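Q: Can you read through this structure? Questions will come right after.
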Amino acid sequence: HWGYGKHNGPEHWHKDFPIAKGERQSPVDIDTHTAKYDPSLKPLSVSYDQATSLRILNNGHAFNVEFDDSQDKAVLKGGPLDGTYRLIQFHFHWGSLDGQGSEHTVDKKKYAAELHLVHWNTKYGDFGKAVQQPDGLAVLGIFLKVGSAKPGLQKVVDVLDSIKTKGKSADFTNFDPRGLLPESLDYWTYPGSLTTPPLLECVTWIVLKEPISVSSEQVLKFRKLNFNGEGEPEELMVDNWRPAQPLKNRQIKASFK
Ligand SMILES: [Zn+2]
């Protein structure tokens, strides 16, 4: 169907999803000199103490670590947000080479990968209703660079062998997403979209300034995943990132000077 290849990749998505050419598409390049420091932006509140991970799934485009979102167990508030948003899943985008893989860029710099922690606004009741609203989602984006290992990532890396191909899932309980955060919660924010079809313009993006470091071995394991299902020709799950889209009539704000 849509994907990341030569014949079905991002430049083709507008044919099935015309919002791909819309006014608030993501990702974008973050021009750090043009972003506006906004002193009215509050610190982010990340409350992940009671998070309940359940499962990890290869969906053919990335792998999602899924959470129980039927109660306020893992929530994001504050920052640019005016409500309570519940964590539903996180996943990554990454490259075939360490020099690319992120979706957002910073002064045109591409990082090796990018983590998206996806949350939905509880005033809309469920994720499927939230994506139909302009303030439905809050996505926390975190850049990954290759250097020292991230100890909190290793449990994810080690299960990937069990979900090599599209449609495979595995039990994945007791995973603590706090182990994926950098030290600082300084962030940029702007209004945008899902970065995969259906590309809905429902996201408040919150992109952290500080990257996390992961080891070369950790990202190598991401690159052993497959886009295909079992019993089909092997297509490595790499370069599953959408490039930067036009900023159009949007302002990126910074929580820091
Ligand atoms: Zn994503």
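Residue numbering restarts at 1 for every chain of the structure tokens, chains are lettered A, B, ... in their displayed order, and ligands are numbered from 1 as they appear.
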Show me, as a Markdown table, the residues of chain A having an atom within 10 Å of ligand 1, each with the closest atom pair and its distance in Å, using only C-alpha atoms and all ligand atoms.

A:
| residue | atom | partner | partner_atom_place_in_ligand_line | distance |
| --- | --- | --- | --- | --- |
| A:26 | CA | ligand 1 | 1 (Zn) | 9.9 |
| A:27 | CA | ligand 1 | 1 (Zn) | 9.3 |
| A:61 | CA | ligand 1 | 1 (Zn) | 9.5 |
| A:62 | CA | ligand 1 | 1 (Zn) | 8.2 |
| A:63 | CA | ligand 1 | 1 (Zn) | 10.0 |
| A:64 | CA | ligand 1 | 1 (Zn) | 9.5 |
| A:89 | CA | ligand 1 | 1 (Zn) | 10.0 |
| A:90 | CA | ligand 1 | 1 (Zn) | 7.9 |
| A:91 | CA | ligand 1 | 1 (Zn) | 6.2 |
| A:92 | CA | ligand 1 | 1 (Zn) | 6.0 |
| A:93 | CA | ligand 1 | 1 (Zn) | 6.3 |
| A:102 | CA | ligand 1 | 1 (Zn) | 9.5 |
| A:103 | CA | ligand 1 | 1 (Zn) | 8.0 |
| A:114 | CA | ligand 1 | 1 (Zn) | 7.7 |
| A:115 | CA | ligand 1 | 1 (Zn) | 7.0 |
| A:116 | CA | ligand 1 | 1 (Zn) | 5.0 |
| A:117 | CA | ligand 1 | 1 (Zn) | 8.0 |
| A:118 | CA | ligand 1 | 1 (Zn) | 8.1 |
| A:139 | CA | ligand 1 | 1 (Zn) | 8.5 |
| A:140 | CA | ligand 1 | 1 (Zn) | 9.7 |
| A:141 | CA | ligand 1 | 1 (Zn) | 8.3 |
| A:194 | CA | ligand 1 | 1 (Zn) | 7.3 |
| A:195 | CA | ligand 1 | 1 (Zn) | 6.0 |
| A:196 | CA | ligand 1 | 1 (Zn) | 7.1 |
| A:240 | CA | ligand 1 | 1 (Zn) | 9.1 |
| A:241 | CA | ligand 1 | 1 (Zn) | 8.0 |
| A:242 | CA | ligand 1 | 1 (Zn) | 9.0 |

Q: Residues of the last selection are to be written out with C-alpha atoms, as a tab-separated table (two decimals), in the first residue's frame.

A:
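Result file result_9.tsv:
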chain	number	residue	atom	x	y	z
A	26	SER	CA	4.69	17.49	9.65
A	27	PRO	CA	7.58	17.08	10.06
A	61	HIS	CA	5.91	0.83	8.99
A	62	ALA	CA	7.58	0.92	12.43
A	63	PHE	CA	7.23	-0.92	15.72
A	64	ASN	CA	4.81	0.44	18.32
A	89	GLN	CA	2.04	4.25	22.02
A	90	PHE	CA	5.57	5.17	21.12
A	91	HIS	CA	7.57	4.27	18.02
A	92	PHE	CA	10.68	5.41	16.14
A	93	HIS	CA	11.77	6.51	12.68
A	102	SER	CA	14.90	11.75	11.85
A	103	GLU	CA	11.70	13.36	10.56
A	114	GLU	CA	13.51	10.08	16.17
A	115	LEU	CA	11.24	8.78	18.94
A	116	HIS	CA	7.55	9.74	18.91
A	117	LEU	CA	5.56	9.33	22.16
A	118	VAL	CA	1.93	9.70	21.01
A	139	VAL	CA	3.36	14.08	20.24
A	140	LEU	CA	6.64	14.31	22.15
A	141	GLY	CA	9.50	13.99	19.67
A	194	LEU	CA	0.53	12.84	11.75
A	195	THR	CA	3.67	12.02	9.73
A	196	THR	CA	2.11	8.85	8.28
A	240	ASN	CA	10.91	4.94	7.48
A	241	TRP	CA	10.94	8.76	7.80
A	242	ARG	CA	8.97	11.46	6.03

Q: Mind checking which residues fall within 7 Å of residue A:164, counting only C-alpha atoms, ignoring those fewer than 4 positions away in the same chain, and posting them as an MDAnalysis selection string?

A: chainID A and resid 160 225:226

Q: Nearest to residue A:197 among A:181, A:247, A:19, A:219, with distances taken over only C-alpha atoms: which residue is it?

A: A:19

Q: Could you tell me which of A:125, A:239, A:176, A:111 comes closest to residue A:214 if we count only C-alpha atoms?

A: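 Once distances to residue A:214 are computed over only C-alpha atoms, the minimum belongs to A:111.
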
Q: Using only C-alpha atoms, which protein or nucleic acid residues come within 6 Å of stretch 201-209 of chain A? Drop anything in the same chain fewer than 6 positions from it, and give the result as number ranges by chain.

A: A: 131, 133-142, 186-193

Q: What's around stretch 72-83 of chain A at 9 Å? Count only C-alpha atoms, leave out sequence neighbours fewer than 2 positions away in its own chain, and write the answer as a PyMOL selection string.

A: chain A and resi 40-52+67-70+85-88+119+121-123+135+138+140+187+189-190+204+206+255

Q: Using C-alpha atoms, can you export the residues from the last selection as a PDB file, in the first residue's frame?

A:
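In the end it all went to selection_6.pdb:
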ATOM      1  CA  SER A  40       4.420  32.197  28.652  1.00  0.00           C
ATOM      2  CA  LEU A  41       5.145  28.546  27.740  1.00  0.00           C
ATOM      3  CA  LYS A  42       5.005  26.355  30.850  1.00  0.00           C
ATOM      4  CA  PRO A  43       7.341  23.465  31.720  1.00  0.00           C
ATOM      5  CA  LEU A  44       6.178  20.164  30.301  1.00  0.00           C
ATOM      6  CA  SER A  45       4.577  17.828  32.856  1.00  0.00           C
ATOM      7  CA  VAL A  46       5.409  14.197  32.051  1.00  0.00           C
ATOM      8  CA  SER A  47       3.689  11.832  34.485  1.00  0.00           C
ATOM      9  CA  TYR A  48       4.684   8.326  33.552  1.00  0.00           C
ATOM     10  CA  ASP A  49       4.980   6.725  37.032  1.00  0.00           C
ATOM     11  CA  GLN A  50       1.916   4.488  36.563  1.00  0.00           C
ATOM     12  CA  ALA A  51       2.462   3.649  32.891  1.00  0.00           C
ATOM     13  CA  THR A  52       1.329   0.170  31.816  1.00  0.00           C
ATOM     14  CA  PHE A  67       0.147   1.254  26.562  1.00  0.00           C
ATOM     15  CA  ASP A  68      -3.092   0.872  28.480  1.00  0.00           C
ATOM     16  CA  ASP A  69      -4.836   4.191  27.798  1.00  0.00           C
ATOM     17  CA  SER A  70      -8.119   3.385  29.540  1.00  0.00           C
ATOM     18  CA  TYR A  85      -3.215  13.836  27.087  1.00  0.00           C
ATOM     19  CA  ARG A  86      -2.826  10.085  27.574  1.00  0.00           C
ATOM     20  CA  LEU A  87       0.033   8.001  26.203  1.00  0.00           C
ATOM     21  CA  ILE A  88      -1.199   5.393  23.718  1.00  0.00           C
ATOM     22  CA  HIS A 119      -0.755  11.035  23.372  1.00  0.00           C
ATOM     23  CA  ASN A 121      -6.562  14.544  24.503  1.00  0.00           C
ATOM     24  CA  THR A 122      -8.892  12.961  27.048  1.00  0.00           C
ATOM     25  CA  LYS A 123     -11.639  15.521  26.351  1.00  0.00           C
ATOM     26  CA  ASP A 135      -6.025  19.726  19.311  1.00  0.00           C
ATOM     27  CA  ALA A 138       0.247  15.777  21.545  1.00  0.00           C
ATOM     28  CA  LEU A 140       6.642  14.310  22.151  1.00  0.00           C
ATOM     29  CA  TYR A 187      11.335  22.042  23.803  1.00  0.00           C
ATOM     30  CA  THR A 189       6.384  23.496  19.728  1.00  0.00           C
ATOM     31  CA  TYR A 190       4.246  24.042  16.663  1.00  0.00           C
ATOM     32  CA  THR A 204       0.497  19.703  18.864  1.00  0.00           C
ATOM     33  CA  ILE A 206       6.529  19.101  21.262  1.00  0.00           C
ATOM     34  CA  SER A 255      10.415  27.157  25.760  1.00  0.00           C
TER      35      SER A 255
END

Q: What does the structure give for the distance between atom CA of residue A:60 and atom CA of residue A:168, in Å to one decimal?

A: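 According to the coordinates, atom CA of residue A:60 and atom CA of residue A:168 are separated by 9.2 Å.
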
Q: Which residue out of A:183, A:230, A:16, A:235 has the minimum interatomic distance to residue A:211 when only C-alpha atoms are used?

A: A:183

Q: What gap, in Å, lies between atom CA of residue A:184 and atom CA of residue A:98?

A: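 Between atom CA of residue A:184 and atom CA of residue A:98 the gap is 23.3 Å.
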
Q: Can you tell me, as a ChimeraX atom specification, what residues are no more than 10 Å from residue A:169 when counting only C-alpha atoms, ignoring any on the same chain fewer than 2 positions away?

A: /A:55-59,63-65,159-160,162-167,171-172

Q: DSSP says helix (DSSP H, G or I) for which residues of stretch 109-216 of chain A? Put them as a list in words?

A: residues 122, 123, 124, 127, 128, 129, 130, 151, 152, 153, 154, 155, 156, 157, 158, 159, 160, 161, 162, 163, 177, 178, 179, 180 and 216 of chain A

Q: From the list A:232, A:200, A:256, A:179, which residue is nearest residue A:32 when using only C-alpha atoms?

A: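 Distance minimum relative to residue A:32 lands on A:256.
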
Q: Pick from A:199, A:220, A:35, A:20: nearest to residue A:246, with only C-alpha atoms counted?

A: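 The shortest atom-to-atom distance to residue A:246 comes from A:20.
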
Q: At what distance in Å, to one decimal, does atom CA of residue A:10 lie from atom CA of residue A:244?

A: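 The value is 10.5 Å.
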